[PDB]
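Student: What follows is a protein structure lacking sequence information:
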Ligand SMILES: [Mn+2]
Ligand SMILES: [Zn+2]
């Protein structure tokens, strides 16, 4: 079947504070201990596509890998076809293209009279024998920040059956992110996330999205 | 060289040596005879003693080499055809200010800079005894022949670098005798070769009877070469291992020796020696040599042969472009155009060569394809002559440099035919321990950072290379014994400001360009060599860091962060004093987590340095382009005012108060009217939490801060942000 | 008219400067009659108002702006230095002029400013 | 020679040899490679290679586009007779370094620049590396450098418009360029735009006076000697691993040295599309190096 490109678009809402975290020297500056990854020009928090891809992939390995794999080259053909496999001639690039997600509602918040788009969260640790506290500050992007989300699916050598299964995998992926967190200190309440206004659109070629859109709005 | 030529050299270097013996002796006898007689005491060479005796010119007759040495003596200084110590070069450099002078000393590796003072003008015989004996001693049992030459130079470099050419004259007061004699020899041989080529043997006619006619005659080439690709070659390491660090220091020293070996192999394919070579730089060099057809053909062919060698070994990574210009005595005090425009002909020949690099055939061959290579060298991405080394894959160059990193802590390096790292056409470079010298056969031997002449009669080179621990430990060493301090390691890159402008026209302002000579500029070059290749190591002492590249052009040092900032500051303030305020540095200082690769740090810290040059060029940039300050006020204001105040108050405060630093930071980044209110609120809140011992001092401080934050001029709050930062990094566990 | 974006903090500062100070204290400098403890329950309400101006819409919080005014006069009734503050700083007028979330948030910030400069220039 | 294809990115990675390097612009070969690869999955490879071997076919290095097109600094210019003012040395050398630092002129300024007027760079982007990790060892920790575009700076390319090309570029704008495209970088929004006369007037592929190349290009073995002798150029090295589904293993394609845009020559040359495949590889591996020029005076 013919070549086409479908764009999965949504707005990622932060349900709890998100921390991904600064490496870029600009964003590494120690004015706070544990900074968050930020877009250098706007100094706003950014959700790197690499984060989304990585997390969604390792989540989906728990479902779709028959055998648990040591290295990502050992992932199932169903994951490799979507995320890519560097050691397999067929899948050297997956069928998915992630995009860095950027803060959408900065203006909404500026209007509401929000000041910073990050909170500084104070935590501590209690020694189990001495009971003394060692305190800790770490940045989060504030909850109810929203980020414009875009993911591209390419239809090339798939049989319509195959694109259907791929769509199943993508919907499982997004739901699994919703029932997990975006990499942070997740166990301790950080990375909760929601996809709002989740929508598919054919941006190239012809494919018909009606039934997919239904299936996305219901899962 | 021919015997006649060897004798000329020694004559020219050794004339006006009487001045030293006689300054120590104080005899009422003229120096020509003091010198000449003393030379006769220690060796039998009539031609040599003759050039010492009659350098004065004294119509004894003959067409003696004396007649050469005489005219070269005159050209080697700005002057044409009661007592004071040597003058600072920076006296007549730039604006007129105080005049400073140099106490005469012998050069020691371990030593602080031999600063000029305004109170060393008066000449004293005392200072010379130390020197004259050390001279006479070392020349006592000394064969004056070809192979001895590069040792005598070093002797003159060691003892006479701060002895002035003339005790009573204001014109060349500041030109060291070492440089004057060196330059004299350069012109002596250059001249000799010119007349050899054009058949002229009546020296007494040409250089004496026609003296002023010859000064117009274009007998000289100023020649130069530039070795392109050095920084990108040294700092492009794509490995983050312990092992890969070895390659940095290695690569550095390698190419330093490449620029040297180019210099030496060139000077002896011609008939000359290192006295003909003005400077060896950041892969730059400038020579004075005869203007003949032989010499030009030897330059052209040499260059061809070298780029052949470079093509074979490094592909397009290293290239060397030569260039020359022709002149006659136009370095004697249109003088504006003339002195600048002799250097401009080579400069321009080199730029043209650098901008159209190869020929049809060598491009044809570079693009010949033909490989199918699955793997590449992990270090440099070369696919050329790969090897397995330590279960990784590297080129034979990178392998070679791994070997070199093992030979690197020796003093001596030899030039083998095939033993070691390729350094040139049928040459290689091998560091070897002293004992083993006898067991190897070698073209040439260098000794690194030794002023003492040795048994093995070696050419002396000077690299600044301080090392303390290894790069991969520097970041961890930044944490205190009490576990205090951010775990980062830093880089510094720093540069003299408008150095080009200084070398060419810094002596033009005072007088009106009468002080712009070649000699003056030579002496300038030595000042900066000395500062950057000898004295630099002392500024590094006792600090956890390594100086990887060092020169007036470029200084690169990596270490633990507090020590790198200390090193930069110590280096600069020494540099301002050394230069008497007439020249500045800019620097930038990078801050990175352990294991970031070399390429990355070098690149990002280079950007920071350019931001620093981005001010009016007197600045320093630390950790972000935003934190960029005139060096002067970073030192005076950030480092040892604001930061000392901050340190003092917060070393007293507990966790709860130390937290306010974060608020202060924020408020500094968000400077606006209302946040002045908030600033005041949390300032008085802090004052509240502060102990009553510091309550008075803190009152003063609090109101001072709000002063900085309220100034319509943003300078003080910028310095504030950066000092609070320094402090936080300084305490972090 | 009274409260402008350029205006408020400079006004707040001026008010804290013009405020009634205890000149009858030989021992004390300019020392304020006013004391943070007197304002606490008041500016707690201001802050709850600002905090809710984000999560709710203007009309929904009319009740709150009512109870603010009341408390203000009540405290100005019960404490002399309070009445002095809300006099010199035109506070009650400033409430009257709030039609708008923009205006409201500006008033909350105005209180913040007043208090900051109060503590700064000698406080509770 | 027809239209400005203006790609506008927010995030891109154009590696200059390492994943922790990145560039403002990319060259003709990169987007040609990318076009080839898009044609191949669309079905239409054979047809695209058809178009590419037409003399009419035109591709240029990407350049900054900021409220109008930019061009490369003409290498070799200004000449000595236009550059030597009477000012002191410190100034001459500051502005000489300012002239070396310069990358791209706006079109408006190119004739000025040649006639001796000074210009400095503008901020078209900020590049920074970020470190990412894989949570399975301390043995995966790496840095990727991204070019982040600022000041309404797009990149553009001059190409000869055709129905097929237009289709391939529209598709590419969801595939991304350079980059770790899978992982977030490279996507763009395309705008095909008429080419200002002020520029199109000065484009040729044959011309026997002085020209600056707009494409990183390699002359045909026959034209090479001439373009190097009377030329002024910087040689750049094209290198990398051939992307392909042919084989699991990765082979370095053949290193190729080309003349950079805009090197300048006394006259136009014919260029090549080079096959740089590893020796005995299943399929051709194409490096596009065919110049479009800009005339001088
Ligand atoms: Mn004399
Ligand atoms: Zn290598």
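Tutor: Alright, I've got the coordinates. Residues are numbered from 1 along each chain as shown, chains lettered A, B, ... in the order given. Ligands and ions are numbered 1, 2, ... in the order given.
Student: in a strand, that's where residue D:142 is, yeah?
Tutor: Yes. Counting by DSSP: H, G, I helix; E, B strand; the rest coil, residue D:142 is located in a strand.
Student: What segments of chain C are strands?
Tutor: Counting by DSSP state E, one finds no strands in chain C.
Student: Near chain B, which residues of it are found?
Tutor: Applying Cβ under 8 Å from any Cβ of the partner chain, one finds that chain C approaches chain B through C:8-10, C:12-13, C:109, C:112-113, C:115-117, C:119-120, C:123. In short, each C-beta sits where N, CA and C put it, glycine included.
Student: for stretch D:98-118, how far is the first residue from the last?
Tutor: Using Cα to Cα, to the nearest Å, one end of stretch D:98-118 lies 8 Å from the other.
Student: Give me the contact list for that stretch.
Tutor: The contact list for stretch D:98-118 (Cβ atoms under 8 Å, 6 or more residues apart in numbering or on different chains) reads D:24, D:63-64, D:66, D:68-74, D:77-78, D:82-83, D:95, D:119-121, D:124, D:196, D:198-199, D:294, D:296-297.
Student: Next, format the residues of chain C next to chain B as JSON lines and append neighbour count.
Tutor: As requested, the residues of chain C next to chain B are arranged in JSON lines below (neighbours: other Cβ atoms under 10 Å in any protein chain shown):
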{"residue": "C:8", "neighbour count": "22"}
{"residue": "C:9", "neighbour count": "23"}
{"residue": "C:10", "neighbour count": "12"}
{"residue": "C:12", "neighbour count": "24"}
{"residue": "C:13", "neighbour count": "21"}
{"residue": "C:109", "neighbour count": "20"}
{"residue": "C:112", "neighbour count": "21"}
{"residue": "C:113", "neighbour count": "26"}
{"residue": "C:115", "neighbour count": "20"}
{"residue": "C:116", "neighbour count": "27"}
{"residue": "C:117", "neighbour count": "23"}
{"residue": "C:119", "neighbour count": "21"}
{"residue": "C:120", "neighbour count": "22"}
{"residue": "C:123", "neighbour count": "18"}
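Student: Out of these, which is nearest to residue B:20?
Tutor: The nearest member of the residues of chain C next to chain B to residue B:20, counting by Cβ to Cβ, is residue C:120 at 72.2 Å.
Student: OK, contacts around that closest one?
Tutor: B:677, B:680-681, B:683-684, C:16.
Student: how about a markdown table for those, with neighbour count added?
Tutor: Written out in a markdown table, the entries for the contacts of residue C:120 read as follows (neighbours: other Cβ under 10 Å):
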| residue | neighbour count |
| --- | --- |
| B:677 | 22 |
| B:680 | 24 |
| B:681 | 20 |
| B:683 | 24 |
| B:684 | 20 |
| C:16 | 24 |
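Student: just the buried members of the contacts of stretch D:98-118?
Tutor: Buried members of these, scored by 16 or more other Cβ atoms under 10 Å in any protein chain shown, are D:24, D:63-64, D:66, D:69-74, D:77-78, D:119, D:124, D:199, D:294, D:296.
Student: restrict the residues you listed to those near chain C?
Tutor: The overlap between those and the neighbours of chain C (Cβ under 8 Å from any Cβ) is empty.
Student: Of those residues, which belong to helices?
Tutor: In helices, judged by DSSP state H, the following of the buried ones among the contacts of stretch D:98-118 are found: residue D:199.
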